[PDB]
Structures are given as structure tokens and as C-alpha cells.
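A single chain, nothing else alongside it, follows as C-alpha cells in the form deposited in one PDB entry.
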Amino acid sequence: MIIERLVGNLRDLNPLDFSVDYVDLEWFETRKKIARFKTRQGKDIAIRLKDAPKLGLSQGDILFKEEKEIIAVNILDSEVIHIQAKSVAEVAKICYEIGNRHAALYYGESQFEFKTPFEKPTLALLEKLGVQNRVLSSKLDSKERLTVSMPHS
């Protein structure tokens, strides 16, 4: 197929009025800029993305749309620690710490909330900081990722 740019995103429309086939990406695969995918319905579709979003493909991103037929990115659920801060200071401590670990971090709905992939040591760290948290199955959406602009590799 060879898609070089997105068509838009399912958020723009009422999805039920369309028939939608998915490419299932794992949260860690969304920065893929050139790759072959077979869809959920078995269609082979190529990606040579000229200007990919810096952060990755997000839930809903439409790779192909013809008439009522859509092919959209879907992001698979993964085990996640949801973090709930109670102060600006604790927001800073968490983000600094998780930063020092090079672990992925995602904005939640509240600027005191975050999500990060479940790892026993991130869990242990949070417990040591006495930060309210819980483990659950959830979606890490590329548009909510915190950036790393000058990482030491």
C-alpha cells in the first residue's frame, strides 16, 4: 500500500458510521517510521512516513481511508503504573526520579497524574517515596508521552 502520511484521526469523526480495520501497535512500537504491517483484517500495508509525529502514532491515527472503509492505528493495552501526586513538589520528585531511570513517562488527565510502564523497580521506587499509585491494564498513547530531547544515550 505504502502510506507516506496520515489521513487524520478517529477522534475527528463518528467511528460507528464507518467500518474500521486496525493495525495493532504496541506502545513501544509507535515511533516506527518505516515498516510493513498486516492489518487486523489481514491486509498488507506499507509505511514510509515522510513527517511522522515526533512522539509516535497515536490511538486513532488513520493510515488509510477509502469511502466508508478505514484503517486506523490501535494501541494495545499494557500493564501500567498510574501515579497520583498530591503536590507540585511531588510531581517534580516523581518525574525527576523516573527520568533518572530512562523509563517512559506519560501525562494523565490531571497534571498531578501520570502513567508509566509497569516495572518492579519503578513500583518499588514509588512505594519508597510514599507516592499513591496503582497497577492496571491501560493504554499509553503516544500524544501523551513526555519528551527526551537531549538524553545521554
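Whichever C-alpha set is largest while still superposing within 1.5 Å between the two forms counts as the rigid core. From 1 onward, residues are counted along the sequence shown.
J.: State which stretch shows the higher mean Cα B factor in the entry: 102-110 or 44-52.
T.: It is 44-52 that shows the higher mean C-alpha B-factor.
J.: Should the higher mean CA B-factor in the entry be assigned to 124-132 or to 88-96?
T.: The stretch with the larger average C-alpha B-factor is 124-132.
J.: Just grab whichever of 29, 66, 119, 61 has the top CA B-factor as deposited.
T.: That would be 66.
J.: Going by what the PDB entry lists, where does residue 10 fall on CA B-factor within its chain: lowest, middle or highest third?
T.: CA B-factor rank for residue 10: middle third.
J.: Rank-wise, by C-alpha B-factor, drop residue 25 into the lowest, middle or highest third of its chain.
T.: For residue 25, the deposited C-alpha B-factor lands in the middle third.
J.: Test of reading the entry: by CA B factor among the chain's modelled residues, which third contains residue 150?
T.: Highest third - that is where residue 150 ends up once the chain's C-alpha B-factors are sorted.
Separately, the form deposited in another entry exists; it is not shown, and the next lines address it.
J.: Taking only shifts of 2 Å or more in Cα after a rigid core superposition between the shown form and the other one, tell me which of 40, 33, 101, 93 qualifies.
T.: By this measure, the answer is 33.
J.: Is residue 13 among the residues whose Cα moves by 2 Å or more between the shown form and the other one after superposition of the rigid core?
T.: Indeed, residue 13 is displaced by 2 Å or more.
J.: Any CA movement of 2 Å or more for residue 125 between the shown form and the other one, core superposed?
T.: Shift at residue 125: below 2 Å after core fit.
J.: Taking the rigid core as the reference frame, is the Cα of residue 64 displaced by 2 Å or more between the shown form and the other one?
T.: Residue 64 C-alpha, core-superposed: shift of 2 Å or more.
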